[PDB]
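K.L.:
Please find one structure pasted underneath; my questions will follow.
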Amino acid sequence: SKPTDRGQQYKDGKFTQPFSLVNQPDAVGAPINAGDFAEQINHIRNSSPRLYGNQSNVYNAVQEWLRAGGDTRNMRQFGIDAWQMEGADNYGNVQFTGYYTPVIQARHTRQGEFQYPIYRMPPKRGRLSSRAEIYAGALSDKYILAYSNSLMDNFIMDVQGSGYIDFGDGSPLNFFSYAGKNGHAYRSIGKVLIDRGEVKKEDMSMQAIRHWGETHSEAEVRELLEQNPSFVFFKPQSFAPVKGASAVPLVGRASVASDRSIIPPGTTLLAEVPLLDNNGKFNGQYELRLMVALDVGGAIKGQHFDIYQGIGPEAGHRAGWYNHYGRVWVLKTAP
């Protein structure tokens, strides 16, 4: 009837439309990320001047409001309208998932836990080998770019097509991009997990696949991954800050991926974000933050938001691996 296990709340009435204008958002206090929000807007200003010009009236009003105190009760003084989203259940519970930029730990030689090679493009002959054959050592060692400490991390990098690598020697972060693919068509690992009853369809995502790997043995991970005979090859690439589809560098917890047809890029959002414990479970608390839609995702549709958590392990922990719920108000100004 009315579950609360994932952060759902029912104190804002029943919604009859996708967005509803409220006199004052049901959120106490001020956003906690004013600095990050400003930094995010500055990135839009410099990286996407066209988008900035079109939304500047909103950003300016929000900035003025924040400097004056940022309390949600004083938003109207600045012409800021708050449109509450009905969410996934028409009770205002907005579906939230998280994503982040992983930093793969790797070494130049195979040592200790680092035993999973990441490859550059081999000759056409070697490209014919399946993932299983490659895992078995079908390719020469001269094509190995690095030895990671996680087979699952390598796969997630395969799907993404690129990834950041830390060799642990204090040198600059390494970036590797898509160079090519092997001669085998890919198969969905997520579909395999869904068919096996291991992961729920609605909770399926790259993060969910990541969590499955963490809760399973090396043999089980390898067995699963081998169900996809495709394999990806990479090449060194000059470092570039993480950007969303909008081409704007993303600021952790100040940006989201959203459905363009519902929440256009550049849209300002005030959100009560559900916090998670060490097991990825809603811990009872929420954080009031401002965020801008600056990315998209293949499975991020409707009123579902994918919060960019940032880069590294901490961002990874905050990302979670299944659906959670918060409240969101789209901020706009009336002419």
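Residues in the structure tokens are named by chain (A, B, ... in the order shown) and by number from 1 within that chain; ligands are numbered from 1 in the order shown.
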As a VMD selection string, please: all residues of range 223-261 of chain A that backbone DSSP puts in strand (DSSP E or B).
P.N.:
chain A and resid 232 to 237 243 249 255 to 257
K.L.:
Could you write out the selected residues, including N, CA and C atoms, as a PDB file, in the first residue's frame?
P.N.:
```pdb
ATOM      1  N   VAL A 232      36.117  -5.644 -25.279  1.00  0.00           N
ATOM      2  CA  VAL A 232      36.494  -4.299 -25.697  1.00  0.00           C
ATOM      3  C   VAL A 232      37.983  -3.990 -25.541  1.00  0.00           C
ATOM      4  N   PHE A 233      38.526  -3.250 -26.506  1.00  0.00           N
ATOM      5  CA  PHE A 233      39.930  -2.846 -26.487  1.00  0.00           C
ATOM      6  C   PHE A 233      40.008  -1.335 -26.322  1.00  0.00           C
ATOM      7  N   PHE A 234      41.056  -0.867 -25.652  1.00  0.00           N
ATOM      8  CA  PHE A 234      41.203   0.558 -25.374  1.00  0.00           C
ATOM      9  C   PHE A 234      42.519   1.161 -25.847  1.00  0.00           C
ATOM     10  N   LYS A 235      42.619   2.481 -25.737  1.00  0.00           N
ATOM     11  CA  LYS A 235      43.830   3.197 -26.120  1.00  0.00           C
ATOM     12  C   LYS A 235      44.012   4.380 -25.177  1.00  0.00           C
ATOM     13  N   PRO A 236      45.260   4.782 -24.943  1.00  0.00           N
ATOM     14  CA  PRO A 236      45.538   5.920 -24.061  1.00  0.00           C
ATOM     15  C   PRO A 236      44.883   7.175 -24.619  1.00  0.00           C
ATOM     16  N   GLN A 237      44.352   8.012 -23.738  1.00  0.00           N
ATOM     17  CA  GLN A 237      43.698   9.241 -24.164  1.00  0.00           C
ATOM     18  C   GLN A 237      44.048  10.357 -23.193  1.00  0.00           C
ATOM     19  N   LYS A 243      32.327  14.913 -18.167  1.00  0.00           N
ATOM     20  CA  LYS A 243      31.254  15.776 -18.643  1.00  0.00           C
ATOM     21  C   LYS A 243      30.031  14.939 -18.965  1.00  0.00           C
ATOM     22  N   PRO A 249      31.160  19.983 -17.605  1.00  0.00           N
ATOM     23  CA  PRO A 249      31.804  19.216 -16.534  1.00  0.00           C
ATOM     24  C   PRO A 249      30.830  19.071 -15.369  1.00  0.00           C
ATOM     25  N   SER A 255      24.544  17.745  -9.890  1.00  0.00           N
ATOM     26  CA  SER A 255      24.107  17.467 -11.255  1.00  0.00           C
ATOM     27  C   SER A 255      23.427  16.115 -11.379  1.00  0.00           C
ATOM     28  N   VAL A 256      22.514  16.000 -12.340  1.00  0.00           N
ATOM     29  CA  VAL A 256      21.819  14.740 -12.557  1.00  0.00           C
ATOM     30  C   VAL A 256      21.642  14.427 -14.030  1.00  0.00           C
ATOM     31  N   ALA A 257      21.334  13.164 -14.294  1.00  0.00           N
ATOM     32  CA  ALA A 257      21.020  12.705 -15.630  1.00  0.00           C
ATOM     33  C   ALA A 257      19.498  12.645 -15.542  1.00  0.00           C
TER      34      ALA A 257
END
```
K.L.:
Here is a test: counting only C-alpha atoms, which residue of A:120, A:3, A:9, A:292 is nearest to residue 42 in chain A?
P.N.:
A:292
K.L.:
Would you pick out the contacts of residue 277 in chain A at 9 Å or less, using only C-alpha atoms, so that residues sharing its chain but fewer than 3 positions from it are not included, and give the list as a list in words?
P.N.:
residues 280, 281, 282, 283, 317 and 318 of chain A
K.L.:
Since we have the selection now, will you write its residues out, keeping C-alpha atoms, as an mmCIF file, in the first residue's frame?
P.N.:
```
data_model
loop_
_atom_site.group_PDB
_atom_site.id
_atom_site.type_symbol
_atom_site.label_atom_id
_atom_site.label_comp_id
_atom_site.auth_asym_id
_atom_site.auth_seq_id
_atom_site.Cartn_x
_atom_site.Cartn_y
_atom_site.Cartn_z
ATOM 1 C CA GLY A 280 22.968 0.806 0.277
ATOM 2 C CA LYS A 281 19.795 0.991 2.353
ATOM 3 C CA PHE A 282 17.834 4.186 3.073
ATOM 4 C CA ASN A 283 19.017 5.303 6.520
ATOM 5 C CA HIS A 317 29.466 4.166 -1.891
ATOM 6 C CA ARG A 318 26.922 7.011 -2.062
#
```
K.L.:
Mind listing the helix (DSSP H, G or I) residues of range 150-210 of chain A, per DSSP on the backbone, as a VMD selection string?
P.N.:
chain A and resid 151 to 160 189 to 195 201 to 203 206 to 210
K.L.:
Here is a test: counting only C-alpha atoms, which residue of A:118, A:307, A:330, A:66 is nearest to residue 100 in chain A?
P.N.:
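For residue 100 in chain A, the nearest of the given residues is A:307.
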K.L.:
Calculate how many Å separate CA of residue 215 in chain A from CA of residue 181 in chain A, rounding to one decimal.
P.N.:
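One can read the CA of residue 215 in chain A to CA of residue 181 in chain A distance as 28.6 Å.
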K.L.:
Could you pull the residues within 12 Å of residue 60 in chain A, counting only C-alpha atoms, minus those fewer than 3 positions along the same chain, as an mmCIF file with N, CA, C and O atoms, in the first residue's frame?
P.N.:
```
data_model
loop_
_atom_site.group_PDB
_atom_site.id
_atom_site.type_symbol
_atom_site.label_atom_id
_atom_site.label_comp_id
_atom_site.auth_asym_id
_atom_site.auth_seq_id
_atom_site.Cartn_x
_atom_site.Cartn_y
_atom_site.Cartn_z
ATOM 1 N N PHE A 37 26.862 24.239 -6.134
ATOM 2 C CA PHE A 37 25.891 24.712 -7.119
ATOM 3 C C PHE A 37 26.487 25.853 -7.933
ATOM 4 O O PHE A 37 26.372 25.874 -9.159
ATOM 5 N N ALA A 38 27.125 26.799 -7.246
ATOM 6 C CA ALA A 38 27.758 27.932 -7.913
ATOM 7 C C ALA A 38 28.837 27.435 -8.875
ATOM 8 O O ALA A 38 28.959 27.930 -9.996
ATOM 9 N N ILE A 41 27.182 26.026 -11.954
ATOM 10 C CA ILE A 41 26.685 27.078 -12.839
ATOM 11 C C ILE A 41 27.851 27.712 -13.612
ATOM 12 O O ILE A 41 27.719 28.043 -14.794
ATOM 13 N N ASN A 42 28.988 27.881 -12.940
ATOM 14 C CA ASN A 42 30.173 28.448 -13.584
ATOM 15 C C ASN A 42 30.636 27.541 -14.735
ATOM 16 O O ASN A 42 31.101 28.020 -15.769
ATOM 17 N N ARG A 45 28.328 28.190 -17.599
ATOM 18 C CA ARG A 45 28.702 29.501 -18.119
ATOM 19 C C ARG A 45 29.844 29.391 -19.133
ATOM 20 O O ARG A 45 29.779 29.959 -20.224
ATOM 21 N N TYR A 52 23.584 28.463 -20.756
ATOM 22 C CA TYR A 52 23.642 29.416 -19.659
ATOM 23 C C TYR A 52 22.763 30.632 -19.932
ATOM 24 O O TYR A 52 22.015 31.068 -19.061
ATOM 25 N N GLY A 53 22.859 31.170 -21.146
ATOM 26 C CA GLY A 53 22.075 32.329 -21.537
ATOM 27 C C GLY A 53 20.579 32.104 -21.432
ATOM 28 O O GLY A 53 19.828 33.012 -21.070
ATOM 29 N N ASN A 54 20.143 30.890 -21.747
ATOM 30 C CA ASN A 54 18.725 30.555 -21.689
ATOM 31 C C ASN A 54 18.176 30.332 -20.280
ATOM 32 O O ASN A 54 16.986 30.528 -20.042
ATOM 33 N N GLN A 55 19.039 29.929 -19.352
ATOM 34 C CA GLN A 55 18.614 29.664 -17.978
ATOM 35 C C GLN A 55 19.156 30.648 -16.943
ATOM 36 O O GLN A 55 18.844 30.527 -15.753
ATOM 37 N N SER A 56 19.957 31.611 -17.389
ATOM 38 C CA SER A 56 20.568 32.589 -16.485
ATOM 39 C C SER A 56 19.607 33.296 -15.534
ATOM 40 O O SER A 56 19.964 33.571 -14.390
ATOM 41 N N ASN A 57 18.395 33.592 -15.996
ATOM 42 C CA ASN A 57 17.427 34.257 -15.130
ATOM 43 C C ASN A 57 17.132 33.419 -13.885
ATOM 44 O O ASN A 57 16.988 33.956 -12.785
ATOM 45 N N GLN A 63 20.931 32.156 -7.109
ATOM 46 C CA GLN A 63 22.164 32.652 -6.500
ATOM 47 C C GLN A 63 21.862 33.799 -5.534
ATOM 48 O O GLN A 63 22.445 33.881 -4.454
ATOM 49 N N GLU A 64 20.953 34.687 -5.926
ATOM 50 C CA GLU A 64 20.592 35.812 -5.070
ATOM 51 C C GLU A 64 19.941 35.289 -3.788
ATOM 52 O O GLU A 64 20.274 35.726 -2.685
ATOM 53 N N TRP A 65 19.017 34.348 -3.956
ATOM 54 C CA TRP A 65 18.304 33.722 -2.845
ATOM 55 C C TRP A 65 19.277 33.054 -1.862
ATOM 56 O O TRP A 65 19.161 33.231 -0.645
ATOM 57 N N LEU A 66 20.234 32.297 -2.397
ATOM 58 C CA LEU A 66 21.231 31.604 -1.582
ATOM 59 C C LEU A 66 22.087 32.554 -0.743
ATOM 60 O O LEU A 66 22.262 32.341 0.458
ATOM 61 N N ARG A 67 22.616 33.599 -1.377
ATOM 62 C CA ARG A 67 23.454 34.582 -0.690
ATOM 63 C C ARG A 67 22.688 35.308 0.416
ATOM 64 O O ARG A 67 23.272 35.736 1.416
ATOM 65 N N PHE A 78 12.312 36.199 -4.311
ATOM 66 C CA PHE A 78 13.173 36.278 -5.486
ATOM 67 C C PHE A 78 12.532 35.817 -6.785
ATOM 68 O O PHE A 78 13.222 35.566 -7.774
ATOM 69 N N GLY A 79 11.206 35.711 -6.771
ATOM 70 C CA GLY A 79 10.448 35.297 -7.937
ATOM 71 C C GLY A 79 10.631 33.835 -8.291
ATOM 72 O O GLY A 79 10.372 33.432 -9.422
ATOM 73 N N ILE A 80 11.077 33.033 -7.327
ATOM 74 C CA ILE A 80 11.294 31.612 -7.575
ATOM 75 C C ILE A 80 10.055 30.760 -7.307
ATOM 76 O O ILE A 80 9.555 30.705 -6.183
ATOM 77 N N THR A 268 16.858 23.607 -13.208
ATOM 78 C CA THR A 268 17.304 23.701 -11.821
ATOM 79 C C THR A 268 16.363 22.897 -10.923
ATOM 80 O O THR A 268 15.144 23.042 -10.998
ATOM 81 N N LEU A 331 12.688 24.408 -10.101
ATOM 82 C CA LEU A 331 12.692 25.843 -9.830
ATOM 83 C C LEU A 331 12.694 26.662 -11.109
ATOM 84 O O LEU A 331 13.542 26.465 -11.981
ATOM 85 N N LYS A 332 11.735 27.582 -11.206
ATOM 86 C CA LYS A 332 11.580 28.459 -12.363
ATOM 87 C C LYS A 332 11.159 29.849 -11.897
ATOM 88 O O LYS A 332 10.777 30.035 -10.742
ATOM 89 N N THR A 333 11.231 30.823 -12.799
ATOM 90 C CA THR A 333 10.798 32.183 -12.493
ATOM 91 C C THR A 333 9.646 32.526 -13.431
ATOM 92 O O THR A 333 9.629 32.097 -14.585
#
```
K.L.:
Out of A:244, A:293, A:238, A:61, which residue has the shortest atom-to-atom distance to residue 263 in chain A when counting only C-alpha atoms?
P.N.:
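Closest residue, counting only C-alpha atoms: A:293.
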K.L.:
Using only C-alpha atoms, find the one residue out of A:33, A:188, A:4, A:47 that sits nearest to residue 245 in chain A.
P.N.:
A:47
K.L.:
Which residue out of A:312, A:320, A:18, A:13 has the minimum interatomic distance to residue 165 in chain A when only C-alpha atoms are used?
P.N.:
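Smallest separation from residue 165 in chain A among the options: A:312.
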K.L.:
To one decimal in Å, tell me the separation between CA of residue 131 in chain A and CA of residue 228 in chain A.
P.N.:
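Spanning CA of residue 131 in chain A to CA of residue 228 in chain A is a straight-line distance of 7.1 Å.
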K.L.:
List as a PyMOL selection string the protein and nucleic acid residues near residue 182 in chain A, meaning an atom at most 9 Å away when only C-alpha atoms are counted, but skip any in the same chain fewer than 3 places from it.
P.N.:
chain A and resi 124+126-131+185+229-233
K.L.:
Write out, as a PDB file, in the first residue's frame, the residues just selected, with N, CA, C and O atoms.
P.N.:
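Written file, part00.pdb:
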```
ATOM      1  N   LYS A 124      44.062  -8.060 -36.249  1.00  0.00           N
ATOM      2  CA  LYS A 124      42.786  -8.664 -36.634  1.00  0.00           C
ATOM      3  C   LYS A 124      42.591 -10.122 -36.221  1.00  0.00           C
ATOM      4  O   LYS A 124      41.490 -10.514 -35.834  1.00  0.00           O
ATOM      5  N   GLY A 126      43.891 -11.784 -33.579  1.00  0.00           N
ATOM      6  CA  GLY A 126      43.622 -11.853 -32.153  1.00  0.00           C
ATOM      7  C   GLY A 126      42.238 -11.349 -31.775  1.00  0.00           C
ATOM      8  O   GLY A 126      41.657 -11.792 -30.784  1.00  0.00           O
ATOM      9  N   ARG A 127      41.713 -10.424 -32.574  1.00  0.00           N
ATOM     10  CA  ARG A 127      40.392  -9.846 -32.340  1.00  0.00           C
ATOM     11  C   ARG A 127      39.251 -10.847 -32.506  1.00  0.00           C
ATOM     12  O   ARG A 127      38.128 -10.590 -32.075  1.00  0.00           O
ATOM     13  N   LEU A 128      39.540 -11.984 -33.134  1.00  0.00           N
ATOM     14  CA  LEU A 128      38.533 -13.016 -33.353  1.00  0.00           C
ATOM     15  C   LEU A 128      38.174 -13.770 -32.071  1.00  0.00           C
ATOM     16  O   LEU A 128      37.096 -14.356 -31.974  1.00  0.00           O
ATOM     17  N   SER A 129      39.079 -13.753 -31.096  1.00  0.00           N
ATOM     18  CA  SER A 129      38.869 -14.466 -29.836  1.00  0.00           C
ATOM     19  C   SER A 129      37.726 -13.928 -28.983  1.00  0.00           C
ATOM     20  O   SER A 129      37.522 -12.719 -28.880  1.00  0.00           O
ATOM     21  N   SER A 130      36.985 -14.845 -28.372  1.00  0.00           N
ATOM     22  CA  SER A 130      35.872 -14.493 -27.502  1.00  0.00           C
ATOM     23  C   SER A 130      36.415 -14.032 -26.150  1.00  0.00           C
ATOM     24  O   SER A 130      37.611 -14.153 -25.879  1.00  0.00           O
ATOM     25  N   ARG A 131      35.529 -13.507 -25.308  1.00  0.00           N
ATOM     26  CA  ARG A 131      35.902 -13.042 -23.976  1.00  0.00           C
ATOM     27  C   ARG A 131      36.505 -14.192 -23.165  1.00  0.00           C
ATOM     28  O   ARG A 131      37.510 -14.016 -22.480  1.00  0.00           O
ATOM     29  N   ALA A 185      29.434 -10.706 -31.123  1.00  0.00           N
ATOM     30  CA  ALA A 185      28.340  -9.813 -30.749  1.00  0.00           C
ATOM     31  C   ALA A 185      28.153  -9.873 -29.234  1.00  0.00           C
ATOM     32  O   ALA A 185      28.308 -10.936 -28.628  1.00  0.00           O
ATOM     33  N   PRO A 229      30.234 -12.980 -24.902  1.00  0.00           N
ATOM     34  CA  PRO A 229      31.458 -13.291 -25.651  1.00  0.00           C
ATOM     35  C   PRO A 229      32.179 -12.082 -26.233  1.00  0.00           C
ATOM     36  O   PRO A 229      33.307 -12.223 -26.708  1.00  0.00           O
ATOM     37  N   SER A 230      31.540 -10.917 -26.197  1.00  0.00           N
ATOM     38  CA  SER A 230      32.145  -9.694 -26.714  1.00  0.00           C
ATOM     39  C   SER A 230      33.271  -9.214 -25.798  1.00  0.00           C
ATOM     40  O   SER A 230      33.301  -9.536 -24.608  1.00  0.00           O
ATOM     41  N   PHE A 231      34.198  -8.446 -26.357  1.00  0.00           N
ATOM     42  CA  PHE A 231      35.321  -7.916 -25.591  1.00  0.00           C
ATOM     43  C   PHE A 231      35.735  -6.567 -26.159  1.00  0.00           C
ATOM     44  O   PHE A 231      35.709  -6.368 -27.372  1.00  0.00           O
ATOM     45  N   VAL A 232      36.117  -5.644 -25.279  1.00  0.00           N
ATOM     46  CA  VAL A 232      36.494  -4.299 -25.697  1.00  0.00           C
ATOM     47  C   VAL A 232      37.983  -3.990 -25.541  1.00  0.00           C
ATOM     48  O   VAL A 232      38.618  -4.412 -24.576  1.00  0.00           O
ATOM     49  N   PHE A 233      38.526  -3.250 -26.506  1.00  0.00           N
ATOM     50  CA  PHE A 233      39.930  -2.846 -26.487  1.00  0.00           C
ATOM     51  C   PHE A 233      40.008  -1.335 -26.322  1.00  0.00           C
ATOM     52  O   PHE A 233      39.133  -0.607 -26.795  1.00  0.00           O
TER      53      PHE A 233
END
```
K.L.:
For residue 240 in chain A, find every residue with an atom within 12 Å (counting only C-alpha atoms), except residues of its own chain fewer than 5 positions away, and show them as a list in words.
P.N.:
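Skipping anything fewer than 5 positions along the chain leaves residues 162, 163, 164, 172, 173, 174, 175, 176, 177, 247, 248, 249 and 250 of chain A.
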